[PDB]
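Read the structure below first, then the notes.
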Amino acid sequence: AXXXXXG
Amino acid sequence: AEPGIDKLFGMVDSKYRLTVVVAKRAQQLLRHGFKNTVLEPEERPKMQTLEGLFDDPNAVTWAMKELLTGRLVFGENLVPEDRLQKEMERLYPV
Amino acid sequence: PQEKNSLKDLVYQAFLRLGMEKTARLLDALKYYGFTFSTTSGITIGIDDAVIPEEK
Amino acid sequence: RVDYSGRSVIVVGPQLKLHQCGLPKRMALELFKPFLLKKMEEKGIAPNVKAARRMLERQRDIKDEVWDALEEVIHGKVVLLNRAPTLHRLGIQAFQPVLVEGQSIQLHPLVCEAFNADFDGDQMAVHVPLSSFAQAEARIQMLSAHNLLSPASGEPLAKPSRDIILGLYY
Amino acid sequence: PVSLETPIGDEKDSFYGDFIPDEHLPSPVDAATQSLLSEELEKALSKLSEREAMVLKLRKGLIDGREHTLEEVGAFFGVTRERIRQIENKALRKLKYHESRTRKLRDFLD
Amino acid sequence: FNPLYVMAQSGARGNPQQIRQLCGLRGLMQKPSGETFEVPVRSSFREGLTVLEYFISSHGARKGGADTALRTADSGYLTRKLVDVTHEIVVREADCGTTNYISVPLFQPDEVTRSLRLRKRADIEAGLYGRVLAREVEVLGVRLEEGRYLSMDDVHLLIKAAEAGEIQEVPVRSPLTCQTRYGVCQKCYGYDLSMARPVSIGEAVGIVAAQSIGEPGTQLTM
Amino acid sequence: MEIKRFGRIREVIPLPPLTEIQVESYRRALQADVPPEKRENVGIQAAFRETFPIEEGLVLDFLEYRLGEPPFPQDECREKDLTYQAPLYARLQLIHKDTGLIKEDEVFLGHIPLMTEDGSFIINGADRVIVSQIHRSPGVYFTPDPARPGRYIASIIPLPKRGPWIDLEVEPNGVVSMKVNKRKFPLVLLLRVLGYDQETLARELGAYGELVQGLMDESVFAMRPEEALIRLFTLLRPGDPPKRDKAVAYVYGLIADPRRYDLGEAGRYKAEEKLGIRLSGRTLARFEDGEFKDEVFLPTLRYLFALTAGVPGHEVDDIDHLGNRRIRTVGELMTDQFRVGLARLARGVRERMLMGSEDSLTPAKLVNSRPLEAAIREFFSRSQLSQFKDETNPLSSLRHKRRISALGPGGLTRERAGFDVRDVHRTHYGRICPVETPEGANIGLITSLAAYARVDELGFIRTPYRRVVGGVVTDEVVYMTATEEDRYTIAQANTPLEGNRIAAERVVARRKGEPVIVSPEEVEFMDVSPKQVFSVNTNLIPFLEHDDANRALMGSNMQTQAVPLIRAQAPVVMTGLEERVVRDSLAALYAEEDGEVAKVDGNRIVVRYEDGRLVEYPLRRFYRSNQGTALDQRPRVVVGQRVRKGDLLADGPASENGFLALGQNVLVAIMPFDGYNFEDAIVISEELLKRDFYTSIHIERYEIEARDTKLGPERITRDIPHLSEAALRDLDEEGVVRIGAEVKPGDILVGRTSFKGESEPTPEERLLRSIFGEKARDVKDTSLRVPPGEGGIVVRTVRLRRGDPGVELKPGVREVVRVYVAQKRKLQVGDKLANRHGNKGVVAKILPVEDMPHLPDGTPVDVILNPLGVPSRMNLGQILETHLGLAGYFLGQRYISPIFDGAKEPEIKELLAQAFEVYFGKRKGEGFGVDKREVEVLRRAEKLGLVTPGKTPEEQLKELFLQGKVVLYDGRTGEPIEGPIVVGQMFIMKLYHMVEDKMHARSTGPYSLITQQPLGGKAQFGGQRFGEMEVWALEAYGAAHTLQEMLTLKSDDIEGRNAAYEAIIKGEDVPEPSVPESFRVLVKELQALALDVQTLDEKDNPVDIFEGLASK
Amino acid sequence: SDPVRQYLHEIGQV
Amino acid sequence: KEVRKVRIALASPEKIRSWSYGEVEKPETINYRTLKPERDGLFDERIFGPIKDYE
Amino acid sequence: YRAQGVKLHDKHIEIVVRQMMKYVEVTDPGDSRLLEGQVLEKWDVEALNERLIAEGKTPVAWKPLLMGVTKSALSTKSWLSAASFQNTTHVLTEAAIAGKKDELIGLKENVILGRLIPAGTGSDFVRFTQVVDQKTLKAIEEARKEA
DNA sequence: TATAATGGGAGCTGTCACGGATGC
DNA sequence: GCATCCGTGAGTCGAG
Ligand SMILES: [Mg+2]
Ligand SMILES: [Zn+2]
């Protein structure tokens, strides 16, 4: 979910 | 980078004028099937196929090269539009 | 030694003096040698490479 | 939204010259599909346009000469690569496409900094400029290798970083 | 009926109607196909004399839109309905030979 | 030739502080309030943080993530505001022939207020490089003419003459003074900084400005 | 395969049942197993009790309820797209008060969804999960007024939609205001209505600093309880007639009515503890003996004034403290919707009781169950907290069941959510994981329950602690709330112990979250484990203490995204929680009692227990999950095997011998490679593909309906107009592709024909028809074909026909066909890989084996990771993992390394030494000395200070090996890499973000209804969005024709796009664009707004863009 | 403000 | 001609009637059986135009 | 920006600040039709003042007005730009009442209409360029030499 | 086509971020 | 002049 892509 | 790009930018007061010139020339070549080209047969841009070297299909490539030869004239109001059209149609039919 | 700032100034100066064609060639070159050399140089990371100074 | 456009995951390709990029075969076929129909009728591969399109409909109906015809279609032309979010003009750049096996778009390493793209899963979209005018604008003003400085600061934008700097320093 | 602006997803960025294809208007492929059909049909109707080509263009409606009877094309050309139907037959047949030969119009039959 | 040291020095990867966390101490940590814990994380990452140390740091971490996520939005918004308020600006002529100009100061008042001191090189470069002199400027026996596009070297020289006390401020052509309607002229603008040559007539300056101010916005704190 | 475990921390209790937060909650709400008379008043029982009796004269009261058995088993519900649910009956009785007549009947209320064994639901065939919600606890709170420094606000908060928030404040004019429903009025009035007299308020509030005078109003006592009540009603209801019974009804309903106003048990308890009083019920006041009696208001005013004065023993509240925030679990949330639906049913009942034949009414005639069913169905389908279940792997499901959301109904809008709500509060310790949260817009608003944490009956999260008395650590474990925890000094779990006694003179402890160093005499409690601080996901990261929290967050998150692999392995380095995760998720199958295994098959296992009974366990095989990943169980036992209770029978997906397997153990080298690992990109060996590492199975479901039409019926058939036997080759007699057939893009899965929409054939078609002499067919080809970029092997077909047993479809539908298509996906270029430390990257290059860096003994590495991904990321765990991995490679062993009690460098060095002996002394026995290249590398290592100069080649190679580094040869040259390279085993996973699901391209395609712009999305064969910002980008390049093309020829200029395509296929340059259709749309929508938008030429004369069509 | 309340008042007038 | 400007102003009821091709009188959409436009409805063909081309 | 180590030319900042000082407020209408307090562009007020001085009339007394980007953007002349930004209804009513014309000066307008933006290859300065080889140029020169 | 029946219910609450207009 | 109410904004893809 959002940011550079964790989730 | 496109070959000779620095000289091309050198030939104009505005880089966009270069684009317009290159593009209009490319369309002239496509419309007349290249018969109007100012390139000599040895200067013709080539493309490697499986058979062997052939004419480069890319009219923009051609235009940039012609511009590079100095054989082209450009500027505002060189000639009325319809007169240019009709003369180019007379000299090289398509 | 060549680092970030110096390489940046080289690319600027190269743009200025030799144009974008040559600067493009130069960039691709720098790319090639930089990568190829980085490979063989032997740069790695192991836990012991974080060297805690005694001073601490 | 727009026609003649695709998207995939970006992958690093250092073998590419600055002005190039890796565009998957399937992507390029669907993107240049009309040009490829025309080039197919320009050779012996198909009787006409509709025959060629019906020929390309199924995947098992696709042979070997068609990829060479496609190679001939895309010669000299450039695509647009774009990575969202598009924060300044260098978020879109023009590359000559080079057909590659697989399903991933291969991006040149130097331009990464200007796209703010890495390779931790990022994607990019491809746009095929159509007219001769469009193509001319793209190749002159929008080509990656023509844009080497920041329109913001003046300083270089495509410039060595990471592994490159490391190798030269070493 | 259900709302076209029925939200899809937990964001405001989607509407149900955004997924609904417009079947009515013709796609570029379809229109191109119709253009090439009309041009190939004109290419095959030029292999007939202007009379038989015109009778085939009046009996099928590529002229004023509608299809005329044998009495109207026979009264227009100034011939018998048997005669107008006869040149219609020979036009159709010459067209059948042209098609069996060149095979240009086969691909349009879907 | 230690890898961290190398990657740090070359500018390939890492800064002093990160490295410091890898080797030295992690450092002071912040409470959710914005207050700082009197107790510092004494461990490095190579050593291994305690449970409690890790938990203490988590506060800062969450705060920074939230800062990122909540920043992207407002940065975008600013970009769009800028694009809308400048969109009609394009380079329309070669010269508006304005006799007006601005004076870029090479010296700024010290905070001690003791005297005036030179400004930083980067800053003066930001206000000078690629600009056109609206008056004649002669220093160190070199003649910088009215109409001249200051190359980077021209700038450096101007700083050198500034240190020599021959010049305190530089008269230059600026958009703040351009009188081209619905845009700016070529001279008033300056270098197309993307090509280090004068700007081409017809380049959408406004958009480019909005984007140039926009892009690094996602890097400014909240 | 020896498994060596490290660490000295002895865990006193195991982890609780990990799905208990779901299962226990629902079981409690339903009380389905409790005999009716023994049910507690909680859950749906409480809902019934609040709803009934329904009065107005007739009266309908409630006796009991019952849940019957499910009409269909779970599997069958999954297949038929049915909800798994149980029938609900309520025993109701109708009394006519006057007649005394009593009619009693059991009425059917509809169905309620049942929770499966693993804690999830089946709603319309699809597995769903109800996410727990965090909110502000009901109760009485005191907070600082942001406007006025020395002033404070009192807030009385009930449960959500159980009544209004009431505020108490001391105004600048000194009068104390109450705010209800956004109405500010003097509290004095309400105090008068409550029965308070100036005397009682004077003696109660006297002691305070003249605040009480702001409560002094002569005009208010002058009106006694009745007039004050009517005065208040006029104040709260302008224009509504101030009738006496309306004022009483309104104020009662607003304040004293337990049916319209509810503090929770939690709100009631907390208010009690805070104001130091006792409550008779859950309302702010009562109606007793005709009048209103106080409960809350006076104590609250008393406290507020005391806090304002500065009187000691009065604090403001931290509203983010986990003592003031509680959890609504499945049970509570469902019960809330049930209560709403019941209330609607009651409005219905009273409706029908006014109307009727008043002499004959059964409970059946009165009860319409429809609104209740609607509220339940709505909750389970369209609620924000009801989420499509993540079954990607078993950890996904478990984590999903353990989620906590601050969003949803009555929850935070993300817009209202700033930093304070999203922070890690000190009270999160041991309760809600500090690591595991999304990076995007949801950060801190969606979280995960800590591993040892349990939600209590009040809804507060509690974490275990060990009691410590006089420096002695008991095996007594007490679970505390944060409020409770705040009273103690609590030692860290890693504090040294000899026996049960604290062995250090200085022990690290917490007091209200603050770190403090204390003597063992002062230690009251002690942590159970480092494990208790973190989520299940985070507890799976080994060497966590060496990873920056931000990268740990990512490893946490990405484990959720791991794809089950056909060859999946458990990690070489484990944290020790890998088995419990498999067990609690009900992934694997386990033995019930001791016994001997009778039969073993791919399809089933049969066990004979000590009872003598045969039990048969069917195995789920190649089932498709919600996310399309393959879920199948494989038998791990053989015939005749003796098994004890709880022994493994079958491994589920992502399980290797009962251990969680999210990926592969691969041999990695950490070095740059030729730019192919630049910026997080990853290089891999073809050997991985060759041995089917990172191969995963995926199943897609395609569906098609044949329905009845006004133009005639659609039909599934093999007879499809104008198709060759070639295209029909794999279709069966009925028109459905055969099991086992390979399908490729363009292929037909299900043949379908539809009667054509009435056709005006264009003259071209009439003539062409005459020319070919073939009748235009009645129907057309509507068949379902494989979409672009998809395909595989057909493993199943389902066919449901109307007029067939057990089958009833939705109206108009003649039949439904489903085709399932399975694919084996080998790792390819563009697929995303990651480790547990947050290191993630896309595979950029697949090298032939000979091209790979190799060990001197000839063994090639699997994976090349760039060291530049390390320094800036500060996640060193991956490094340690790799080192221990190295050891494990040569010793043939695996490790358990518990978080913050791990393997430490020295032990890893010993192990590495052992492995060196295996890696080298073998070579020494085989007859080979040190290689020349090794010598060169050793020379460079000596320059690097990596090895001590003067030792033999063997001693030096051992020194490097102990630093975890090895000599590596470049496969392309045969020359060594100039430095020694770190090499070892690492656990790496393939994530669900796969380039195969992503690549998409369009020439032309479908357009939208109103806009005539291309559709979005891969399934719709959409085009890419070129947004406002892309436009700005094109403008800034001054590329005007490319831009104009985007805005016209390539989108909504209809004539333009058609003409462009025609021109390109003809080899002609593209023509000049014209007006885009959406500008035309703009014009028409402005006209409908009664605005005249006119396109003018420079002469200011109108220009028609509609080409006359809109002008009469 | 609220049209229901308003009409109810206008009715409560006769 | 070339579009060089765009004007925006108030629409007089007479302008609105001039634009109009007919007054919709009935709050009816399409017939519940023939699925064709009702007479004087929101989707009438008599006002807004034919559903099929040239038919 | 300096603080965060961002090199950014003053130029762009000056372009925006330029758009901020775009407007002025009249303090005395003089011999004009304007009104005390009425706000208008500095350009237009300077053209009016030059036309009024050229007529020997009293010029307009005006005051420099600073306004932030959002207001200045909505305060544009072109209502097609103002509408597609913010407060759409407000913009559109104001304009429809004023019977406003959009001259399509900006980029936004032309983008909406789908025209060729007045920028880059679309600049009136360069788009009217023609190109011809020397052969055709000489043939046409002979045609012009004939008549 | 006819006992007589004569004023409604649901709110829903942790964000600014100000912007102008309106009020003692 | 200075408190206070109401209405309009709150980033980008991709998949739902
Ligand atoms: Mg990325
Ligand atoms: Zn100027």
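We name chains A, B, ... following the order of the structure tokens; residues begin at 1 in each chain, and ligands are numbered from 1 as shown.
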
Inset, instruction - Write out as a PyMOL selection string each polymer residue whose atoms come within 10 Å of residue 5 (chain A), counting only C-alpha atoms (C1' of nucleotides); drop sequence neighbours fewer than 2 positions from it. - result: (chain A and resi 1-3+7) or (chain D and resi 120-122) or (chain G and resi 438-440+554+557-558+840)

Could you list, as a compact mmCIF listing (two decimals) with N, CA and C atoms, in the first residue's frame, all residues that come within 12 Å of ligand 2? Count only C-alpha atoms (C1' of nucleotides) and all ligand atoms.
```txt
# COMPACT_ATOMS: atom_id res chain seq x y z
N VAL F 90 5.21 32.23 -21.70
CA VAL F 90 6.12 31.62 -22.67
C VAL F 90 7.00 32.73 -23.19
N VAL F 91 8.20 32.36 -23.66
CA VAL F 91 9.13 33.28 -24.29
C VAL F 91 8.57 33.72 -25.62
N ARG F 92 8.15 34.97 -25.70
CA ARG F 92 7.37 35.41 -26.85
C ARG F 92 8.15 36.25 -27.86
N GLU F 93 9.12 37.03 -27.39
CA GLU F 93 9.95 37.83 -28.28
C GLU F 93 11.43 37.72 -27.94
N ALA F 94 12.26 38.41 -28.73
CA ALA F 94 13.70 38.42 -28.48
C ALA F 94 14.08 39.49 -27.47
N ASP F 95 13.39 40.63 -27.52
CA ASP F 95 13.62 41.70 -26.54
C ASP F 95 12.41 42.64 -26.37
N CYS F 96 12.06 42.89 -25.11
CA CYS F 96 10.99 43.82 -24.77
C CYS F 96 11.58 45.22 -24.67
N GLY F 97 12.91 45.30 -24.75
CA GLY F 97 13.61 46.57 -24.74
C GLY F 97 13.39 47.37 -23.47
N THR F 98 13.16 46.67 -22.37
CA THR F 98 13.02 47.36 -21.12
C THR F 98 14.38 47.91 -20.71
N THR F 99 14.38 49.10 -20.11
CA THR F 99 15.61 49.67 -19.60
C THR F 99 15.73 49.36 -18.11
N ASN F 100 14.79 48.57 -17.60
CA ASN F 100 14.76 48.20 -16.19
C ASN F 100 15.53 46.92 -15.98
N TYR F 101 16.02 46.73 -14.76
CA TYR F 101 16.77 45.54 -14.38
C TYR F 101 16.74 45.35 -12.87
N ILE F 102 17.29 44.24 -12.39
CA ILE F 102 17.42 44.06 -10.95
C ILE F 102 18.89 44.00 -10.56
N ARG F 131 22.40 34.53 -16.72
CA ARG F 131 21.71 35.81 -16.78
C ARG F 131 22.41 36.81 -17.70
N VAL F 132 21.69 37.84 -18.11
CA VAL F 132 22.21 38.82 -19.05
C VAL F 132 22.45 40.16 -18.35
N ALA F 134 22.45 44.00 -17.76
CA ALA F 134 21.64 45.08 -18.32
C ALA F 134 22.43 46.38 -18.39
N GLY F 147 24.46 43.08 -22.54
CA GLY F 147 23.85 42.12 -23.44
C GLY F 147 24.47 40.75 -23.29
N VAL F 172 21.39 42.99 -13.68
CA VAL F 172 21.01 41.89 -14.56
C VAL F 172 19.55 41.97 -15.05
N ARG F 173 19.29 41.41 -16.24
CA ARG F 173 17.95 41.33 -16.82
C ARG F 173 17.18 40.21 -16.17
N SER F 174 16.00 40.56 -15.65
CA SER F 174 15.18 39.64 -14.87
C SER F 174 13.72 39.64 -15.33
N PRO F 175 13.05 38.49 -15.17
CA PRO F 175 11.61 38.40 -15.42
C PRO F 175 10.81 39.39 -14.55
N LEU F 176 11.35 39.75 -13.39
CA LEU F 176 10.68 40.69 -12.49
C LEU F 176 10.54 42.06 -13.13
N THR F 177 11.33 42.30 -14.17
CA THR F 177 11.32 43.58 -14.86
C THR F 177 10.91 43.52 -16.32
N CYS F 178 10.88 42.32 -16.89
CA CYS F 178 10.45 42.17 -18.28
C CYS F 178 9.07 42.78 -18.52
N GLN F 179 8.90 43.39 -19.69
CA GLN F 179 7.66 44.05 -20.04
C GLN F 179 7.05 43.40 -21.28
N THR F 180 7.44 42.17 -21.56
CA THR F 180 6.80 41.42 -22.63
C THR F 180 5.44 41.05 -22.11
N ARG F 181 4.41 41.25 -22.91
CA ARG F 181 3.06 40.92 -22.47
C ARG F 181 2.83 39.41 -22.52
N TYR F 182 2.10 38.90 -21.53
CA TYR F 182 1.72 37.49 -21.50
C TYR F 182 2.92 36.58 -21.61
N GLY F 183 4.06 37.02 -21.09
CA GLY F 183 5.27 36.22 -21.14
C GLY F 183 6.52 37.05 -20.91
N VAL F 184 7.67 36.49 -21.25
CA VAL F 184 8.92 37.22 -21.14
C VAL F 184 9.68 37.14 -22.44
N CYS F 185 10.64 38.05 -22.63
CA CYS F 185 11.51 38.01 -23.80
C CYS F 185 12.71 37.07 -23.58
N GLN F 186 13.60 36.99 -24.56
CA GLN F 186 14.77 36.10 -24.51
C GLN F 186 15.87 36.62 -23.57
N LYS F 187 16.16 37.91 -23.70
CA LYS F 187 17.21 38.58 -22.95
C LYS F 187 16.91 38.61 -21.46
N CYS F 188 15.71 39.06 -21.12
CA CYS F 188 15.29 39.15 -19.73
C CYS F 188 15.34 37.79 -19.06
N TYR F 189 14.94 36.75 -19.79
CA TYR F 189 14.97 35.41 -19.22
C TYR F 189 16.40 35.00 -18.96
N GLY F 190 17.08 34.54 -20.01
CA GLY F 190 18.46 34.11 -19.91
C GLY F 190 18.74 32.76 -20.54
N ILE J 15 9.64 34.29 -11.72
CA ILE J 15 8.51 34.18 -12.66
C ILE J 15 7.20 34.09 -11.88
```

Any residue with an atom at most 12 Å from ligand 1 counts, using only C-alpha atoms (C1' of nucleotides) and all ligand atoms. Which are they? Put them as a short mmCIF file (atom, residue, chain, number, x, y, z; two decimals) with N, CA, C and O atoms, in the first residue's frame.
```
data_model
loop_
_atom_site.label_atom_id
_atom_site.label_comp_id
_atom_site.auth_asym_id
_atom_site.auth_seq_id
_atom_site.Cartn_x
_atom_site.Cartn_y
_atom_site.Cartn_z
N UNK A 2 1.03 2.06 -1.24
CA UNK A 2 1.82 3.32 -1.25
C UNK A 2 3.32 3.23 -0.85
O UNK A 2 3.80 2.13 -0.57
N UNK A 3 4.13 4.48 -0.80
CA UNK A 3 5.58 4.51 -0.47
C UNK A 3 6.31 3.81 -1.63
O UNK A 3 5.68 3.63 -2.67
N UNK A 4 7.69 3.38 -1.50
CA UNK A 4 8.46 2.69 -2.58
C UNK A 4 7.97 1.26 -2.95
O UNK A 4 8.48 0.62 -3.85
N UNK A 5 6.87 0.68 -2.18
CA UNK A 5 6.32 -0.65 -2.50
C UNK A 5 6.77 -1.78 -1.61
O UNK A 5 6.88 -2.94 -2.05
N UNK A 6 7.11 -1.52 -0.21
CA UNK A 6 6.49 -2.95 1.63
C UNK A 6 5.16 -3.18 0.95
O UNK A 6 5.16 -3.81 -0.09
N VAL D 9 6.86 -3.48 -16.10
CA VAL D 9 7.83 -3.31 -15.03
C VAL D 9 9.21 -2.97 -15.61
O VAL D 9 9.66 -3.62 -16.55
N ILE D 10 9.87 -1.95 -15.06
CA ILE D 10 11.21 -1.61 -15.54
C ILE D 10 12.34 -2.46 -14.94
O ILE D 10 12.29 -2.89 -13.78
N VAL D 11 13.35 -2.67 -15.77
CA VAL D 11 14.46 -3.52 -15.46
C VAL D 11 15.68 -2.82 -16.03
O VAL D 11 15.60 -2.19 -17.09
N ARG D 83 7.25 7.85 -16.22
CA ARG D 83 7.09 7.29 -14.89
C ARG D 83 6.37 8.24 -13.96
O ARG D 83 6.90 9.32 -13.65
N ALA D 84 5.20 7.82 -13.50
CA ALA D 84 4.41 8.57 -12.55
C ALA D 84 4.94 8.36 -11.15
O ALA D 84 5.15 7.23 -10.73
N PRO D 85 5.09 9.45 -10.39
CA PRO D 85 4.56 10.79 -10.68
C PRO D 85 5.48 11.68 -11.53
O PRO D 85 6.70 11.66 -11.36
N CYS D 112 17.78 7.11 -14.79
CA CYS D 112 17.08 6.71 -13.57
C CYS D 112 16.91 7.88 -12.60
O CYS D 112 15.79 8.15 -12.15
N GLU D 113 18.00 8.58 -12.31
CA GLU D 113 17.96 9.73 -11.40
C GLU D 113 16.89 10.77 -11.76
O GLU D 113 16.27 11.37 -10.87
N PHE D 115 14.09 10.17 -13.41
CA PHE D 115 12.76 9.59 -13.34
C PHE D 115 12.42 9.33 -11.88
O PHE D 115 11.25 9.09 -11.52
N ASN D 116 13.46 9.39 -11.05
CA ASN D 116 13.42 8.85 -9.70
C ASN D 116 12.85 7.43 -9.71
O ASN D 116 11.95 7.08 -8.93
N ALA D 117 13.38 6.61 -10.62
CA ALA D 117 13.06 5.19 -10.69
C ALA D 117 14.25 4.36 -10.21
O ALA D 117 15.40 4.68 -10.51
N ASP D 118 13.95 3.31 -9.43
CA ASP D 118 14.92 2.25 -9.16
C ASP D 118 14.40 1.00 -9.84
O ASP D 118 13.81 1.08 -10.91
N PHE D 119 14.61 -0.15 -9.23
CA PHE D 119 14.17 -1.40 -9.86
C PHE D 119 13.60 -2.33 -8.81
O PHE D 119 13.71 -3.56 -8.90
N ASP D 120 12.99 -1.72 -7.79
CA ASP D 120 12.35 -2.46 -6.72
C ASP D 120 10.89 -2.67 -7.02
O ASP D 120 10.05 -2.81 -6.12
N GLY D 121 10.58 -2.69 -8.31
CA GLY D 121 9.27 -3.07 -8.76
C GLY D 121 8.62 -2.00 -9.58
O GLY D 121 7.52 -2.21 -10.09
N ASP D 122 9.28 -0.85 -9.72
CA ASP D 122 8.69 0.28 -10.45
C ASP D 122 8.19 -0.13 -11.83
O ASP D 122 8.63 -1.14 -12.38
N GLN D 123 7.26 0.63 -12.37
CA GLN D 123 6.77 0.40 -13.73
C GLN D 123 6.89 1.67 -14.56
O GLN D 123 7.19 2.74 -14.04
N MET D 124 6.67 1.56 -15.85
CA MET D 124 6.63 2.74 -16.68
C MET D 124 5.69 2.52 -17.84
O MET D 124 5.39 1.38 -18.21
N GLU G 679 20.87 -0.22 -8.80
CA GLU G 679 19.67 0.32 -8.16
C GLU G 679 18.60 -0.67 -7.77
O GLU G 679 17.45 -0.56 -8.17
N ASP G 680 19.02 -1.66 -6.99
CA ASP G 680 18.14 -2.69 -6.44
C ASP G 680 17.78 -3.83 -7.38
O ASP G 680 17.11 -4.77 -6.96
N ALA G 681 18.13 -3.70 -8.65
CA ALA G 681 17.95 -4.81 -9.57
C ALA G 681 18.75 -6.05 -9.10
O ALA G 681 19.76 -5.92 -8.41
N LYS G 832 9.30 -9.90 -9.04
CA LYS G 832 9.81 -9.26 -7.82
C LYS G 832 10.23 -10.27 -6.76
O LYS G 832 9.50 -11.21 -6.45
N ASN G 839 14.91 -6.03 2.03
CA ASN G 839 15.67 -5.89 0.80
C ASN G 839 14.80 -6.46 -0.30
O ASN G 839 14.31 -7.59 -0.19
N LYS G 840 14.53 -5.65 -1.32
CA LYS G 840 13.60 -6.07 -2.36
C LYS G 840 14.17 -5.62 -3.69
O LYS G 840 14.86 -4.60 -3.75
N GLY G 841 13.84 -6.33 -4.76
CA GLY G 841 14.37 -5.99 -6.07
C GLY G 841 13.80 -6.86 -7.18
O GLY G 841 13.32 -7.96 -6.90
N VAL G 842 13.85 -6.38 -8.42
CA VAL G 842 13.26 -7.09 -9.54
C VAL G 842 14.39 -7.84 -10.26
O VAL G 842 15.51 -7.33 -10.33
#
```

Legend entry - Residues of chain B within 8 Å of chain C, counting only C-alpha atoms, as a VMD selection string: chain B and resid 1 to 6

Hey, could you make a per-residue contact list for chain G against chain D with 6 Å as the cut-off, showing the nearest pair of atoms and its distance in Å to one decimal, counting only C-alpha atoms, sorted by chain and number, as a tab-separated table?
```
residue	atom	partner	partner_atom	distance
G:675	CA	D:14	CA	5.8
G:679	CA	D:118	CA	5.2
G:680	CA	D:119	CA	5.4
G:681	CA	D:119	CA	5.1
G:746	CA	D:58	CA	4.9
G:830	CA	D:104	CA	5.6
G:840	CA	D:120	CA	5.8
G:841	CA	D:120	CA	4.1
G:842	CA	D:120	CA	5.5
G:844	CA	D:11	CA	5.2
G:998	CA	D:8	CA	5.8
G:999	CA	D:8	CA	4.5
G:1000	CA	D:6	CA	5.4
G:1001	CA	D:6	CA	3.8
G:1002	CA	D:4	CA	5.4
G:1003	CA	D:4	CA	4.3
G:1004	CA	D:3	CA	5.5
G:1014	CA	D:1	CA	5.7
G:1023	CA	D:2	CA	5.1
G:1024	CA	D:1	CA	5.5
G:1025	CA	D:1	CA	4.0
G:1026	CA	D:1	CA	5.5
G:1029	CA	D:86	CA	5.8
G:1033	CA	D:89	CA	4.1
G:1036	CA	D:89	CA	5.9
G:1039	CA	D:137	CA	5.5
G:1041	CA	D:134	CA	5.2
G:1042	CA	D:134	CA	4.4
G:1050	CA	D:3	CA	4.8
G:1051	CA	D:2	CA	4.9
G:1065	CA	D:38	CA	5.1
G:1070	CA	D:131	CA	5.7
```

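Rounded to one decimal, CA of residue 313 (chain G) and CA of residue 167 (chain G) lie 21.7 Å from each other.
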